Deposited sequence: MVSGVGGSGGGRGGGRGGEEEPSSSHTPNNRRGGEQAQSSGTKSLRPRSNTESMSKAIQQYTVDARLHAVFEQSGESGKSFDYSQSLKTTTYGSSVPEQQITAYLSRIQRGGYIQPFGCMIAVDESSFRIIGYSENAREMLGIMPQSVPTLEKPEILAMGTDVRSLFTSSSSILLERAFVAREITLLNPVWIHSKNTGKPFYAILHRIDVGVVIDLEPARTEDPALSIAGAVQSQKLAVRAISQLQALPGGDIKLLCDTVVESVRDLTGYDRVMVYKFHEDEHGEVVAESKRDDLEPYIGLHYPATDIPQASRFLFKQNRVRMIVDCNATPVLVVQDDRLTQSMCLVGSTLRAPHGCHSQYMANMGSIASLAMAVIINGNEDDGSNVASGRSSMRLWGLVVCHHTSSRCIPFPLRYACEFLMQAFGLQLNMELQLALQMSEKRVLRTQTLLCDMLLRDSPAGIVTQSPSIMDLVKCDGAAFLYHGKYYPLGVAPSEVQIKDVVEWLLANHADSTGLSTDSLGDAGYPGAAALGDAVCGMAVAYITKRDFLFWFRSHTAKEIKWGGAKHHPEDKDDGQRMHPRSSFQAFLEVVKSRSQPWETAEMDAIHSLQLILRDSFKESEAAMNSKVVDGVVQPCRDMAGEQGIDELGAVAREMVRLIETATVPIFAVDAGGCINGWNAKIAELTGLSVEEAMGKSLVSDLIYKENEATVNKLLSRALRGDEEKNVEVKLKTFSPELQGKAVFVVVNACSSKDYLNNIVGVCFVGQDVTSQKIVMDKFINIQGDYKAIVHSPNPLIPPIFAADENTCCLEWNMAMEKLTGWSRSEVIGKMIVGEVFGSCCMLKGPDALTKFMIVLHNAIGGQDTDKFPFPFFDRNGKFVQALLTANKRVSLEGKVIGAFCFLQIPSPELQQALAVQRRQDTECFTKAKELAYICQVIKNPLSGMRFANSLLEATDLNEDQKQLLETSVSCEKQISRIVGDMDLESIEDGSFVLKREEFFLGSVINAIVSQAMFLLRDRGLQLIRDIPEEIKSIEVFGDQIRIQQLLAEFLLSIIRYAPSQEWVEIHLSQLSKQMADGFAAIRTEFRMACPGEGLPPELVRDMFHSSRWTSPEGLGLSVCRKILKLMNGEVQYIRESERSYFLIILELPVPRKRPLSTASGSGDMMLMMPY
């Protein structure tokens, strides 16, 4: 490991402090520094000098008290008064390989221990803890503000390492006469892995002056090996880091590690001062405690993000069970939870003995035959390819395919049948600082000097998409596995290609849950390989047996006070036509091993023969998601103040919705007035919004994208606010580019007119009475490829007036915080755009109004 020998064993310190290596046994010096002779005033000092008699008697007994401790971190910093000049000195004790070593820093102007120093921190920590969760950026901004108002540095920032080991400055609280560093990515080789393990062990590290001379320590002659000083607050930085800071335009740096707990180094809070800044060790230990609280909240939010990822994998497992209950593989594309909802993507294709099935932005049949022919010639062995960019993969015609179909994930099914997923190009620009990260860059300890340039240069990725993770390829391989199993009714290599690195072959585990299926008598119809492996019982021995009593009562032991009844109530509900999701299922292995599974029993409903049955899977989440699902299953029984009225609305409203859509379905017959026919179409698109809104509900998802005229949305949204402008007199102004016959834009008509309802109505809400209002939309049918087009649409819903209040836009732009009904609705309809390829800004001018950009795709 490059620089590990140099940094740790390099005996050079900074001139602001004095380090004194003394063995605890008899206060005998085994090391010292050159500036100690000046800053102490000692002008007797040698190897063997009793330093207990070099200070006040109070600080003598304090130092020998701080020697004999379990942990010495609590003691730091002991207040030590010197004797040869009388000036008090902070004394940062820490134990090293053979002895301890003090670190004397002069004090300008009483902190006797860690707790007194932490008392400064606790106010900022209390401000940091009382923060809404689910937004790392707000937490980082709170940390940089707290560290700025504590330390008094010019520019503090949160450097965050990525998965590539390269970092990015994700927060800033700079002094405003400087330049912003937010967004600037730095290479991995900029900070060596030796320095990051150094920060894992040391966790706070200041310098005072980079242009200061490195004061060398005097190593003991008897021991050849140099001192392995890691936890010293005084040791000078490497000649490379010192020159680097001289080139950076910041001569004082306080960097402290953001550990996330086994001991992942998430990032670094790096402070920068333009002048030479010192800071007392009580304030430095306060900021180390502030970094402890930062790591605390950050781990509390990364665990929540990983639990949301596990919930998303559980949804993917339910989707694969949906795909298992389909009569043909052609049904997958035809039906509504299709192959483009399995994976976050933009198109999806299925080739099934010809008659190619495209969804969204997918190549035509000739183009996909070119893709298939490239997949047969190259990557012949590997069943799955997950290329970030087709151009990097080597497929000819990638330029002809365009940026729209740049990313492609394929899965091979038998008999030359292929499953495809397609992704459009992501317009991400990385403002690299000095040097772009090179994935071939290893740690080069023979490099003397760092680059002098730090002008950030934007690097734009030309024709590549979002990366394909292991989870999405896991889902793709699982669905490919079930489709090949269906093929047998009537080994797998996967190549991952990304722009930064090169083609790697990885075998992905399937994501199929353990599945059994029973008929009305609870006799086994199905018991798949996953369930066979989990329980240990083979399918053949348990097929035909009674699931409710035999197989799970004796054969595969259940667990609980009375669990079998809980099982027998559940499966009889499945046969009876009631489905339970994520019912807890603690059962034992054949070999006596506990499994804390989550049973889901769905009715095996079919056509008018074999009407009802049971299909069940056994999702096994981590025990923190067992807890996270128990804390919401122990909470629907308590919110009976409003869950009764929610189920009351969600059941009673269904009947006049069916009457509305049956009157409107029978009213489509013979209405030859095309103005009235379009008006009825507006009513059908209005009734549908209520049925989609009530039926889908809100739980923040799935988008039922279909072909629709875009002018059929404005006409379906001018009629919602038209009562609110007919009574408040807002004579509206429209100027459209006639997006009637702007056909086939791919998306939700319903969720788009719901977000435009909650934005337009909020705009017309806060207008002056008997006025006007402007709506306007500028479309540009930008061609993206040979045959692929996209229509980018702004929405200028412009109103002159007082406008929405300043707090309600932060209500809208929250993550989980709300105080108003209208604000809640605004927040949800903003998150609807955050789920669907667009965003929304609120601008404040002489007219207070909403910009709204949605990118939709004419097939």
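Residues of the deposited sequence with no modelled C-alpha atom fall in the ranges 1 to 101, 145 to 155, 222 to 226, 379 to 392, 622 to 776, 987 to 992, 1152 to 1172.
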